[PDB]
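A single structure is presented below for examination.
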Amino acid sequence: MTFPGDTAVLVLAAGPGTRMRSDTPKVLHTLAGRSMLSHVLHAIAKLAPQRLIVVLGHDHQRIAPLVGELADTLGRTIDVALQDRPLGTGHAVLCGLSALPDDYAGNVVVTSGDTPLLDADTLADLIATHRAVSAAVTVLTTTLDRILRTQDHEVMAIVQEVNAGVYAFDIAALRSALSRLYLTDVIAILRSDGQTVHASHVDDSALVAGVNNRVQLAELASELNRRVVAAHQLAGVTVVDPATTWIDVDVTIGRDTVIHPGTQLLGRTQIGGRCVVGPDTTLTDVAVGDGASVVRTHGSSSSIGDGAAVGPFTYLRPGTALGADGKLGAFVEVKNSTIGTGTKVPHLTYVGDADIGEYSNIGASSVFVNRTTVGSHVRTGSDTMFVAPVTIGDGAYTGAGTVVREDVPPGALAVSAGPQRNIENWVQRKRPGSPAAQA
Amino acid sequence: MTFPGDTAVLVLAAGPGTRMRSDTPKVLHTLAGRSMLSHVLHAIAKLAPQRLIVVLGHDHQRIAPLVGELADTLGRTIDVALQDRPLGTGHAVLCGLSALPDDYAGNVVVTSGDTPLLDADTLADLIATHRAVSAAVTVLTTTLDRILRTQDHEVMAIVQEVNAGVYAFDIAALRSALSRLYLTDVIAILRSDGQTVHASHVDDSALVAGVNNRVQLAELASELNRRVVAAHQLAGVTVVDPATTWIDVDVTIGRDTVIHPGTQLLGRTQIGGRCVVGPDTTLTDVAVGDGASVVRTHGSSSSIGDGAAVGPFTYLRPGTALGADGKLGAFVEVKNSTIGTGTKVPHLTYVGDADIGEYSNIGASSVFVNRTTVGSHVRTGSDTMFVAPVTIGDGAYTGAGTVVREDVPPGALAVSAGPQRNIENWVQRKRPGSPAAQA
Amino acid sequence: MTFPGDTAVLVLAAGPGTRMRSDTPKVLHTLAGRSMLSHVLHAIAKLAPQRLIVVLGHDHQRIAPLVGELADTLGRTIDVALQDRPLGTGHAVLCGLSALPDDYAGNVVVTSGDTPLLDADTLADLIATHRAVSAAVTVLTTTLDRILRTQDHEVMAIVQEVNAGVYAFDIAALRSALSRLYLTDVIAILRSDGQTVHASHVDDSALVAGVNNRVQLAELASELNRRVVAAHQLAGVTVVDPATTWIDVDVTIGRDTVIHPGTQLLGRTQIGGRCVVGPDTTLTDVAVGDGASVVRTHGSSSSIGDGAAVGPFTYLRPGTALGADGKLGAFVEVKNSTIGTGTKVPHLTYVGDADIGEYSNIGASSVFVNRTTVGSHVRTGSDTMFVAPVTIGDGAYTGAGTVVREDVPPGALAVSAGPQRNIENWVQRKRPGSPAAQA
């Protein structure tokens, strides 16, 4: 388990986000599963400090996901700080210290909300470097392709090798420096006082990269995804095209699985072992069993059994539950319906609010009109209209082109189709030409 | 407004295009909306010179889009020059001067047709540099990863830092040099005469890049698209994957919109504000209202209302007009049909040549056979066959599995479905086994 | 024709593949059409040596595709070597020499099975370099962004410019060095003996790149595909997005064809001239005629005629045979069925195990239930159920919503649909409100 000593972490999410050009606040923008605020707060919760406070601008819209949805899921209390007037980064940290007690002793960690790739390891290295030299200020730094340097390689100040914006302060030195505006000046005053100033270098520049516009958001969204796709490949996932395959956080994929280009695994998608995920597939919070094929499928909040063939051209809606060895073929839509083990729903069908038994069959061009219940080993005919509610017994049959409105007994044929009538030489009388010649 | 002084621009599109390996001429190849000829002529029309002439090889196929479709849209007359025999670039410019009067005074700008990324700003900088030093010849140059240089950094000649192929001549010097073969020799003779030769450097190398093969066409097609996608992101468009998102010229996207990977916005596509464009979506000349969702849709020449849900698995055909809050669900095809405000067409449907009123409903597995008119607040049943023409009154109903051939009165049920008949113990007699046990 | 002198090639595919994290052996992993073993053995068969032997670890699963499927297709006998205990690369080559006669005279070529991009040209250059200097050992080398060097630029030894792992030995020197463990030591002993050691440099580093994990497999899968897509573009294929377009080996594309992003041409796909391949299209072993449009199609083992419109939203299954000018529209599924010349199957249809004549028409929302035969110039109505077997004569008709069970005579109407019945003011009595007001 990874954890620091006595530390307090301040999150700075008080920026207006004018460069984003959005009505929805900058820090609440989602990438690869979670929002930018969620990415920062999760990394700090991994190490778990003594205090965690977030500074906010327009707070009321941001105070809903924070504390309510974030702190309750993580399992620890997070405080909220309010900035009165946007003056600078130094004033924002001062507003974060107001929630902290006046007689606090532990270290202060300064972090930004618009840094989604910042993980626990980078934050743990900052605190470890801070304790080693016993410095008043420890700053994370990285190299690019704005840290000022003298002549004999020493740290001085920052002039928008580069400054990341992530800091580690001693509260005894931070309170004294802010009393005498930007946060970059705090380091300059501490240097003038003769305090130890240290710079910890991060080799991976993408971790401490900030987001100002939607270009930089997509630059890091493609970056964060690249690490996840590669991590599954090393674990045992055959990804054909990593550039088009999108995998969010918490998404788990099984051993020896093939994922084809254009696939988006979103939310909390679970994939079993030896699965063939086809091209152009979108899944969100969908559980997939072992050996199941998911080709060309648009799924959301669904469950697929072991060795089940889903697709192509399948649309799944919240509440879909396909069993083992069950088949969902082409042009099939399922909404809030439970499908049994070995049941095949192949051609041009819609199953809405229904329960189907084991090893049954649904006829082509059949729809469930809106609870309907179908038994086991039931072969329903093609173009079968289901007017809810209908209870079908086990082992029953249905004719081709049958409108079912009432209950069907176990082992009984349901028919309403009109018998075929042929009129010879009708084309020769009705049609003057075209398909009439020759007959 | 941007405009030069007294200038005449010559476009060189007389190349055979053997490297392209195409029956269709090189310069007529389209990328990101417009053709290569259209990209060049639009950039020159932005600044608008006194004269514009295009030199052509096989003219008759190229003279149709030029003058007829190009000059009429821009609003200014363009002349056509014909090359008798492909001798070189110097002879091609001489053929361009033949359309110009013998007593012309203004400057001559030389440009190539196979340079699609060449914009107005690069051409405006060339003329401004040409007027400043009062040079006889001004040439655009760029750096690569074939300009000849002496020893004290001076311009001499060109030996297939690099030559772009875009020139600015003084007509008094151009007419005199061509009288005494390639266009690169003209600069060499002017240098020997003692005339001022100037080179204007372009920092962006992609702007003056030429196309010889279909590889270079795709290299610049991915380049031109990269700038457009990024421009929308800075404006206020959340693009998930810029590499798979294709946006043509004239295509406008609204504020705070989400576009998912695999989306192609082609032609003159318009997107409103706060729209959710789903994965694998193709739209060409389709107008989309504010807050509308377009997921997994193949659209061409259509209109989508405000807050309307289109998709997934929807195919739109020229003449489709969906109103506000209207829903086009899964596996739906619409051809030349007007759909009212709040009308839902959800499952496995085809609406061809029909007019539907406000807040109506279309049953699942129903098709419009080929003008049909549906009223407002009309709930048509599932598997409803529409034999054109049918006029349905406001507030009417239709049964499940009904073939409608005649007009339906306002507030009237249309039924032709056969009633359900159940035969008990049919499976036990007809089938020897399988679903018979147990019943 | 390219061919070496007297040479024997040993393939080393005895690695366990623990880094792959797969139940299926490393060398049997497929990329861009063929497996890694198939890619190596095809390149050696192009030049065709006197002897070819493959060393294996767990042989019984790998001995099935090898010799049986590989040697029979190429047309020459390949031997199988078995490794008793994984000791090293030097022991693996010694196990390869056991299949060779004790009095063999020709050269020995050492190659790895996990090198898919290794072509015939790289192997031909190795043997040509080996014969020129008459060296005992000739090794292929490349530059990266582990060959040991002295001071005056000479070859010594290898310390996991770089070592590729591909060798060329003289059998008189190879047998003597292995008698006195890794294969890298063999070069070191030969250098100590005073034998000539030569290094042939390969400018293209991707050719001799090895695969250990699924990341490197995808790194070379995207690399190999990039060369193929570019090769078609130079030949005469307009590819919009090369990054998303996947083209396997043996796949041939015609002249002046347009391929849209998200297309996967797999197996032995054939494309005619002037074809428009739409976005999100997957084809495997599918033949496409000249001028045919394949948009948004999931095809496998099918045939498309000249100038035939397939798509969008079409799913093709093994046995599909569409003729010339035939149309397969939106939401159509075809399984093991022959479709005639000029036959249109447009909306929401399934054609399973059927034969349709020339210039016929299939109604919307119609399915073929399971051999069915349809004649020429036959216009079947919408929602037509086909209960196999049904023989339809030439020029026959079918009503809208007709269940066909028996044979239809040439030029005869088939009807089973119930006539429309209208009940006026039904909504006013049955429904208390909603669509009732106003009527």
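When the chains are written out, they are named A, B and C in that same order, and each has its own residue count from 1.
Throughout what follows, contacts are C-beta pairs under 8 Å (C-beta built on N, C-alpha and C of every residue); 3 or more make two chains touch, one makes a residue touch a chain.
The chain lineup, named per UniProt: A, B, C = Bifunctional protein GlmU.
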| item | value |
| --- | --- |
| Cα-superposition angle relating the copies chain C (Bifunctional protein GlmU) and chain A (Bifunctional protein GlmU), to nearest 5° | 120 |
| Interface sides of chain B (Bifunctional protein GlmU) and chain C (Bifunctional protein GlmU): same vs different residues, half threshold | different |
| Distance from the mean Cα position of chain C (Bifunctional protein GlmU) to that of chain B (Bifunctional protein GlmU), given in whole angstrom | 33 |
| Multi-partner residues of chain B (Bifunctional protein GlmU) (at least 2 other chains) | 243-244, 262, 280, 313, 331, 348, 365, 383, 401, 417-418 |
| Footprint of chain B (Bifunctional protein GlmU) on chain A (Bifunctional protein GlmU) - complex, ascending | 20-24, 29, 213-215, 217-218, 221-222, 243-244, 246, 262, 264, 280, 282, 298, 313, 315, 331, 333, 348, 350, 365-367, 369, 377-379, 383, 385, 387, 393-397, 401-406, 408-418 |
| Chain A (Bifunctional protein GlmU) to chain C (Bifunctional protein GlmU) touching residues, read off their complex | 230, 233-244, 255-256, 260-262, 274, 278-280, 295-296, 312-313, 329-331, 347-348, 363-365, 381-383, 400-401, 417-428, 430, 434-439 |
